[PDB]
Amino acid sequence: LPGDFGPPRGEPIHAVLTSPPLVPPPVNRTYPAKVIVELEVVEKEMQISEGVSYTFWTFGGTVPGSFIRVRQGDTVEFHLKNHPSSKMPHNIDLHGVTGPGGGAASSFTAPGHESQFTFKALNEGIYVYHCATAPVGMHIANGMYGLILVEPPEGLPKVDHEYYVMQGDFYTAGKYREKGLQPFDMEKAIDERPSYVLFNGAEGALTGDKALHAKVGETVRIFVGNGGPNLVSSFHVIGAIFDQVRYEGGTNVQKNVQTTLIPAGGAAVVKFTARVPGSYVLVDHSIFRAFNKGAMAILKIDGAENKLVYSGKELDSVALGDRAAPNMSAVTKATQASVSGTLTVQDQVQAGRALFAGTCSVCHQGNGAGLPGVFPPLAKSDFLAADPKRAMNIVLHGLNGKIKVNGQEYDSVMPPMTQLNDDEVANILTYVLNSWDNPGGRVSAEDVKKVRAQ
Amino acid sequence: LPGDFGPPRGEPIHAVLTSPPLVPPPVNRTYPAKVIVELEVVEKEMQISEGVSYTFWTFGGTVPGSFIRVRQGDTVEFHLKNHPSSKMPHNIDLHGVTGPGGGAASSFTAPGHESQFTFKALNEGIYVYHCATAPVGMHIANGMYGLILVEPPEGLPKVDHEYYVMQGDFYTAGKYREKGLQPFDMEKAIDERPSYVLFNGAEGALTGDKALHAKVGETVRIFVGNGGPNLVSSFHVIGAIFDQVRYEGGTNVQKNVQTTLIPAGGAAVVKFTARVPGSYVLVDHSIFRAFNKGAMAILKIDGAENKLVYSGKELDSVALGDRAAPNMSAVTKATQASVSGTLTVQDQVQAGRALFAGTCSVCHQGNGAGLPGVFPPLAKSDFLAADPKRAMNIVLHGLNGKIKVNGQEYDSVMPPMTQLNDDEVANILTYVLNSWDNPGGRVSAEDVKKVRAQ
Amino acid sequence: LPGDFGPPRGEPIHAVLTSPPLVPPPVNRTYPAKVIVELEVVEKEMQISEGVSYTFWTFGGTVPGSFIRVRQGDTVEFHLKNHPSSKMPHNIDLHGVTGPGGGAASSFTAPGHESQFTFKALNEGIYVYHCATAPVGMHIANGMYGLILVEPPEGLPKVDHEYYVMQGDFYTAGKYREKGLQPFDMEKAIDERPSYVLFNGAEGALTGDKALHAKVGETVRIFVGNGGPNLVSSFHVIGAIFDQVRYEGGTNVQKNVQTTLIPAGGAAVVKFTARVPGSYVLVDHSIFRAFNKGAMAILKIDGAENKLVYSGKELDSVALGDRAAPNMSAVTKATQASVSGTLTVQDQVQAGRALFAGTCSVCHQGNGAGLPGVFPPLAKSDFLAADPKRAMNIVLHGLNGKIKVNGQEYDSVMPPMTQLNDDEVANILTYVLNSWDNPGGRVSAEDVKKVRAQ
Ligand code: HEC
Ligand code: HEC
Ligand code: HEC
Ligand SMILES: O=N[O-]
Ligand SMILES: O=N[O-]
Ligand SMILES: O=N[O-]
Ligand SMILES: [Cu+2]
Ligand SMILES: [Cu+2]
Ligand SMILES: [Cu+2]
């Protein structure tokens, strides 16, 4: 067989598993070992977006699940525990396992129980693992996937950084960024119409203050998974190229590509060399996933600019929109305050400030000045102040035709923004009214609900 | 040109075509031949699922169509007959043909007619063929696709087994597993929202008693097609790895991969070596296709267990659901009896028994015992017996909150199962009521229709 | 770094950009140069289909945008101008640029403004460029994409022809071929449900009299882009094979394939050798895109037939439908005449003639004769003449069961054609009534609207 390195030697090894986006250290081993892996399923609510909760089903308390790292030819004794708070039974199918269901029949585990099976890791590569419990799509859609690396016997080449990034498609009953606890939506899932497409189980999980880091001249390896359940990723790095892309345990290695299709249930190892500083965006280049459903992650490179290679500026809110900033925690806070019935004007102002970036600032500017004759001002706007209810209609339904704002004629088009939720429109307009010498006061989510219903 | 092996020699050869999942024997030939291929289009109703009929349009009476096997450099005299029972005209486009439409203009054939064209097979590889008659998508959606292998002059390497598997997406007016003759649905097809995603033209075409077979240590080659019309397959083998994957006639060969994207209209040759016994599942890893729309096939390996490679059990209904069993013929029978107006309690019981596997048994167990305090019993259930109409609402709409069943409190969540058809809910509940000392009687499809409509 | 060819030498070069489907000449240069690229964004209405207008956002006035051709190691001084008629701000992200956003932050340009940034072209390959202005999906959906080729230092191998083809998915508020100015539809775009899938920004942009041309024995290189925003192309040539397919700047080259997946935001260079004359169709083999949404382009090869390679005929309306003919300009004219209120019978007749090809002619024949006993005649049809309102219902809703036409019984099935627009049904039936000794008169779009609404 392949991985014919003999029986296990040395001492039994208790695998150290890591949470995303971190990876266990290289096994750094010249002999096949008995590796004991202990993984516990936990069902729990987490924020899938600011002020949006979702009941995830997790291997090890994270989406994606704990990263497992073994050596080709190792004997793996796999212990799956199902936490007693669980409502569902669970199991595991690991890609790269030689045997029926990749462990599924022998790993079936009720709440409060433990299962074990043993396999030999014959196949070198990066592999998805996931729950295989009927209904399998519901389990995978709730977050039950991760990666197992089976190293070659000599190990992978040394790099400066190793990271763990996994795409998933998610199906909420509510629309994108609709606040509250969102149930799983079986109808959207069967139709392959996801509300969110995420890296590492949340909007902003790898943006702003949670970006991946490296320095100019350093090499970065990323273990990239696609848990699906349904989507194929047009996986892409903006402003850079992959030195290498290798799928699962394939003999084939692609070099010098920027865009690479990762199948549902697929995994790849990509290598990046940092050349110039700034934010490098990992996206699904099925572009409405990246810019409208959350499928964007950041590798931030620090070091000296090289103007002979690139004269341009760091990314800002024009491209990254409301994910240019370190975090959008003011949205989380304003959502919690609405639930408590303690929402203040300042709660709304700070939430609207976060949401205004890109969404509005691309045309009206970060300071609301616009561009005279081209984009009208929101700063000290006579037109805004004259009719706050008109302002709600303009955000939801757009505006075209001749208007006069602060003594100047405009004859342009503001597209409708009907996909913004009532709370988002209310908070954005409350921010504008309380900025730039505007008259103050507030717009409520309920005010916007009524304008939306006409 | 490529395939420059001279004029045909020897005697004219009448091609022996095979029905899926079988393949003609290797051509075993050192000279270029005139090969006469005779293929007849037949329009006919077949079961796309138990109790679900569909009017397929077929090359040779099967979906996929008859397998054609020739040698690179052969001259192929292609005869397409359209059976006189046909209502539509048909033609053929073969991938790997050098010339406009791959045969389409010269193979146009009305009902009761025959067409012929001649081509030289210049291009070695595995290739899709399909109907190219306006409207082309409707013809391909109805089943008009298959494979032609153009062997290299030296032939392919010897293997123990060669099989023929082809994915297709199907568009029925009714929902998945809705019984009766289902028309083609042009609106779903244009939207790329299929009701079924199948291997070899039916649910269960390659599961249970229709699984592919091999023995431990044997090599298996599978000629894998994607007829589409629309979907890209994340083609995957659960619990194994492909030794090799080669697309069409490509120079590139990928080795040691488990998951491989097959384009719409694409074909690949995959090679598998059997290492340990059990069921190896071929799926589209766009997971709701595999587990919710029918996209699963089985390679069953017999031979000795190797506990040093895999200690675990054969797949069961937890993973494979209602396709773990040899067949679901009791569903076909109960559907026919409903049509005839002769449906008995025992017809419903045997149909419900088949449908209970996975769907219900994953939590309630195959014997209905559940798990005390975790999953309540259906065996001798006081809660079930107290209100059969509540039971219908529980299956359709789910159940949460504190209940008491047979003296024990449960405080868990049963997800809704609204995608089950009225007949499926009726037959499942009739099985439960007539099992495990439950009070008997029956639930009708009409009973469930009324509860569904609230 | 890669592309380490030293500082720029010689004179500054003003890049000559080409409109699709043409490509600039090879750079034919042995030294690294300063290349000045001047690209202007223009927002303008164009015909996305006959009688269907759409407001495109373009780089250089075309979809795809102007083709840029430089050499690896060149220093590119990139000037982006936004025409003063523009309503939106715009920027550019070029794939293959080393730096944050691929130029996005430094190229942000309001209407009437100009931006510039400088980059070194370190990475050889074919690369997509596109707008990266919030909301990014809306900009790319409106047509803001093209290709930049970064040649290897030795240049690409010489070929007889180089062409420029780029797929895009488009989202109109109206249905496919619904006439008038069609707005962008954000809901369809977020759902990845396009109304059109096009090569080079229009139905028929590369069919009939706008086909690409070559001769038997000539080599053709096509630079193939997928601008998306959302779809992955199962990119395929009917009746031929690609000698080579190379993605972006990848080291991997696939040879001898017919079907190849191009990611959203991806690009490939394909090479074709012309062997026999006729029309070679480039399609997205997600077949309803190619045959129902416009995703078809033609390479027309002229030269001598080789009956030993292919005995068959050139493609006709059976396969290519209404795109077999040189153009469908009669539809454009009849749509303009409806708008003006000057639509004549002859305007409708010429439009219906164009639309009848394939749509109706596949069964009823180009001369309306049908096939006695199999497909009834439209020529001198007693059944058509007896009830013109029934004819409208037959096109919209189909026809089955026994009928008698011109003394012969038919017992067949005409599928419904409900996706045809009111104007298309009206014009097709007016063509039939005014042909083949039929009684004349006309059907109006309003007549069909009323029958459709029942
Ligand atoms: C893509 C450009 C663009 C974006 C994005 C945009 N606007 Fe506008 N907005 C305009 C233009 C142009 C006008 C003037 C329209 C006209 O000439 O009829 C306008 C007008 C307005 C007006 C009324 C005139 C004024 O200056 O007081 C308000 C209020 C406004 N926008 C608010 C917003 C808010 C809040 C956002 C984000 C939620 C937003 N806009 C996003 C372009 C934009
Ligand atoms: C994923 C788990 C799961 C699946 C699948 C499932 N159930 Fe349940 N079922 C439960 C749980 C948990 C409860 C108790 C809910 C509570 O605590 O409120 C339940 C309660 C019930 C009850 C009422 C209580 C009792 O024991 O009599 C019935 C009847 C029932 N299920 C039938 C079915 C049938 C029939 C199927 C399949 C069609 C099914 N269930 C599938 C978990 C499941
Ligand atoms: C795929 C085959 C097919 C296509 C495409 C088709 N038809 Fe028919 N058509 C038929 C058949 C078969 C019948 C007779 C149906 C029956 O036996 O009940 C028919 C009947 C008719 C009739 C009534 C009988 C007669 O001969 O006068 C009309 C009118 C007609 N078609 C018009 C059209 C028009 C206009 C188009 C295109 C818009 C069209 N058909 C496309 C197959 C087709
Ligand atoms: O680089 N494109 O998103
Ligand atoms: O192995 N996954 O379905
Ligand atoms: O060759 N198929 O469209
Ligand atoms: Cu699970
Ligand atoms: Cu056909
Ligand atoms: Cu733009």
# chains A, B, ... in the order shown; residues from 1 in each chain; ligands from 1
$ residues_near_ligand --ligand "ligand 9" --cutoff "6 Å" --atoms "only C-alpha atoms and all ligand atoms" --output "PDB file with C-alpha atoms, in the first residue's frame"
ATOM      1  CA  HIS C  90     -15.066  54.333 -11.122  1.00  0.00           C
ATOM      2  CA  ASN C  91     -11.613  52.786 -10.543  1.00  0.00           C
ATOM      3  CA  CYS C 131     -13.908  48.158 -11.766  1.00  0.00           C
ATOM      4  CA  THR C 133     -15.976  50.680  -6.912  1.00  0.00           C
ATOM      5  CA  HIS C 139     -20.104  47.920 -11.645  1.00  0.00           C
TER       6      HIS C 139
END
$ interface_residues --of "chain C" --to "chain A" --cutoff "7 Å" --atoms "only C-alpha atoms" --output "number ranges by chain"
C: 87, 95-106, 117-120, 132-134, 136-137, 190-191, 228-231, 248-252, 263-266
$ write_last_selection --atoms "C-alpha atoms" --output "short mmCIF file (atom, residue, chain, number, x, y, z; two decimals), in the first residue's frame"
data_model
loop_
_atom_site.label_atom_id
_atom_site.label_comp_id
_atom_site.auth_asym_id
_atom_site.auth_seq_id
_atom_site.Cartn_x
_atom_site.Cartn_y
_atom_site.Cartn_z
CA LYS C 87 -22.98 59.65 -13.20
CA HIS C 95 -5.22 41.04 -11.95
CA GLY C 96 -1.43 40.48 -12.31
CA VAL C 97 -0.62 43.82 -10.52
CA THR C 98 1.55 43.36 -7.38
CA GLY C 99 -0.01 45.68 -4.78
CA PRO C 100 -3.12 46.31 -2.67
CA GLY C 101 -6.39 46.31 -4.67
CA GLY C 102 -4.48 45.87 -8.00
CA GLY C 103 -4.62 49.69 -8.42
CA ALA C 104 -8.08 50.26 -6.81
CA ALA C 105 -7.32 52.94 -4.11
CA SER C 106 -5.10 55.14 -6.40
CA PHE C 117 -0.71 55.01 -10.65
CA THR C 118 2.47 53.19 -11.75
CA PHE C 119 3.13 49.43 -11.42
CA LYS C 120 5.78 47.00 -12.65
CA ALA C 132 -13.60 47.84 -7.95
CA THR C 133 -15.98 50.68 -6.91
CA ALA C 134 -18.61 49.99 -4.18
CA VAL C 136 -18.43 46.27 -6.91
CA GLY C 137 -20.94 43.67 -8.27
CA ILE C 190 -27.51 38.74 -5.69
CA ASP C 191 -29.35 35.44 -6.50
CA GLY C 228 -18.65 37.23 -14.37
CA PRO C 229 -19.68 38.79 -12.10
CA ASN C 230 -20.98 35.44 -10.79
CA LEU C 231 -20.91 32.51 -13.32
CA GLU C 248 -3.58 33.35 -16.38
CA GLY C 249 0.25 33.04 -15.95
CA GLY C 250 0.16 29.38 -14.79
CA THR C 251 3.10 27.01 -15.42
CA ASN C 252 0.53 24.24 -16.17
CA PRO C 263 -13.57 30.74 -12.96
CA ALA C 264 -15.44 34.02 -12.41
CA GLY C 265 -12.62 36.62 -12.81
CA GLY C 266 -10.51 34.05 -14.68
#
$ residues_around --residues "residue B:444" --least-positions-apart "4" --cutoff "9 Å" --atoms "only C-alpha atoms" --output "list in words"
residues 422, 423, 425, 426, 427, 430, 448 and 449 of chain B
$ select_by_dssp --residues "stretch 155-335 of chain C" --states "strand (DSSP E or B)" --output "ChimeraX atom specification"
/C:161-170,172,180-182,184,196-199,212-215,219-228,233-238,242-247,254-257,259-262,267-273,278-284,296-302,310
$ atom_distance --atom1 "atom CA of residue C:146" --atom2 "atom CA of residue C:39"
11.4 Å
$ residues_around --residues "residue B:162" --least-positions-apart "4" --cutoff "8 Å" --atoms "only C-alpha atoms" --output "ChimeraX atom specification"
/B:22-23,220-223
$ write_last_selection --atoms "C-alpha atoms" --output "mmCIF file, in the first residue's frame"
data_model
loop_
_atom_site.group_PDB
_atom_site.id
_atom_site.type_symbol
_atom_site.label_atom_id
_atom_site.label_comp_id
_atom_site.auth_asym_id
_atom_site.auth_seq_id
_atom_site.Cartn_x
_atom_site.Cartn_y
_atom_site.Cartn_z
ATOM 1 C CA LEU B 22 -21.431 -1.593 -18.615
ATOM 2 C CA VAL B 23 -18.772 -0.773 -21.256
ATOM 3 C CA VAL B 220 -11.686 -0.300 -11.353
ATOM 4 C CA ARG B 221 -11.845 2.234 -14.218
ATOM 5 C CA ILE B 222 -14.978 4.418 -14.361
ATOM 6 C CA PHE B 223 -15.849 6.473 -17.475
#
$ decode --residues "stretch 117-130 of chain C" --atoms "C-alpha atoms" --output "tab-separated table (two decimals), in the first residue's frame"
chain	number	residue	atom	x	y	z
C	117	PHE	CA	-0.71	55.01	-10.65
C	118	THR	CA	2.47	53.19	-11.75
C	119	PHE	CA	3.13	49.43	-11.42
C	120	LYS	CA	5.78	47.00	-12.65
C	121	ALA	CA	4.31	44.06	-14.64
C	122	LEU	CA	6.21	41.34	-12.66
C	123	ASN	CA	3.81	38.50	-13.61
C	124	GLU	CA	3.54	37.10	-17.16
C	125	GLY	CA	0.05	35.91	-18.20
C	126	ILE	CA	-3.46	36.78	-19.36
C	127	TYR	CA	-5.39	38.66	-16.63
C	128	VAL	CA	-8.85	40.13	-16.07
C	129	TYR	CA	-9.14	43.81	-15.09
C	130	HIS	CA	-12.37	45.27	-13.71
